[PDB]
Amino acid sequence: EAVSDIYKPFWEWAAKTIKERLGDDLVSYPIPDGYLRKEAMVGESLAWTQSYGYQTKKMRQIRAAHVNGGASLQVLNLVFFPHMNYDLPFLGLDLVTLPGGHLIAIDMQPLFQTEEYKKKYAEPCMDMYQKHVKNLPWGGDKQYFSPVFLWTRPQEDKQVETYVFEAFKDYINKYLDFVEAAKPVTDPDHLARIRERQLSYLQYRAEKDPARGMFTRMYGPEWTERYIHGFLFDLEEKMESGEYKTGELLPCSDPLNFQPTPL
């Protein structure tokens, strides 16, 4: 038997790190009713999706979907979304384990591909990237890529538990370094372009995310569309709603949660 919940230690470390390094400012982000813990039968075993959601003064949303339907179906989809008054990149950590094998996509998806953006956010990561890409070779077959995109297909669970885990850890820590140092953008022209790039990226993810197929099979189309557009890649809904106010906390009374929520 292969490791059942290979990304459990990944999420636990991320939660510990988020809790410690963002502790002062970290508050809950609202998880819509019906999308905290979703279970279905697959095959043949129970298959659940656990959601986690947080926010800070600089981070519009940190959210994870942790999926587990046994060794053959495991996903950890963790993404950091900055507020629109910062020029920060996203941090995306998309870890997927299937019968075919592992699919690992780790990146700080940049708002811009200019030399000055790369100078600011790519070049400080080059050492980290070159270190980890040695162990995590290109995974095969762009405007949202950074120079330090790690796209790899480990063939053995041990590679995930070691090399992928260390890369996972380094990219989170390096990203949170950027977040600490980042300062509000006040120039209106810069803010207009930041918002354009954020909306373009989130529209792309909401429309083309590969989990749509998996979630539709497990829970049906309606739940899948609401999860994707209403939580995982929810900026456009929150903006059209009028809930999103740049740099402002989204009201939510739920307490911080970092552990599975028994259904």
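Each residue number is its position in the shown sequence, starting from 1.
Asker: Should the segment between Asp141 and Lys142 be described as having none, 1 to 3, 4 to 9, or 10 or more unmodelled residues of the deposited sequence?
Answerer: Unmodelled stretch: 4 to 9 residues.
Asker: Answer with none, 1 to 3, 4 to 9, or 10 or more: how many deposited residues between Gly43 and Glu44 are not present in the coordinates.
Answerer: Gap between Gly43 and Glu44: 4 to 9 residues without coordinates.
Asker: Tell me which stretch has the larger mean Cα B-factor in this entry, 81-89 or 153-161.
Answerer: Going by the record's values, the stretch with the higher mean is 153-161.
Asker: Out of 43-51 and 222-230, which stretch has the higher average CA B-factor listed in the record?
Answerer: The stretch with the larger mean CA B-factor is 43-51.
Asker: Just to confirm, going by the entry's C-alpha B-factors, which of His66, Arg212, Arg63, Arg60 comes out highest?
Answerer: Answer for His66, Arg212, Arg63, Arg60: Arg212, with the highest C-alpha B-factor.
Asker: When the deposited Cα B-factors of this chain's modelled residues are ordered and cut into thirds, is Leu250 in the lowest, the middle or the highest one?
Answerer: Ranked within chain, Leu250 CA B lands in the highest tercile.
Asker: Using the B-factor values recorded in the entry, state whether the Cα atom of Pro110 falls in the lowest, middle or highest third among the modelled residues of its chain.
Answerer: According to the entry, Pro110 has a C-alpha B-factor in the chain's lowest third.
Asker: Relative to the other modelled residues of the same chain, rank the CA B-factor of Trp13 and answer lowest, middle or highest third.
Answerer: Within its chain, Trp13 is a middle-third residue by C-alpha B-factor, going by the deposited values.
Asker: Ordered by C-alpha B-factor within the chain, which third holds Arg195? Give me lowest, middle or highest, please.
Answerer: According to the entry, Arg195 has a C-alpha B-factor in the chain's middle third.
Asker: For the chain shown, is the CA B-factor of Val96 in the lowest, middle or highest third of its modelled residues?
Answerer: Middle third of the chain for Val96's C-alpha B-factor.
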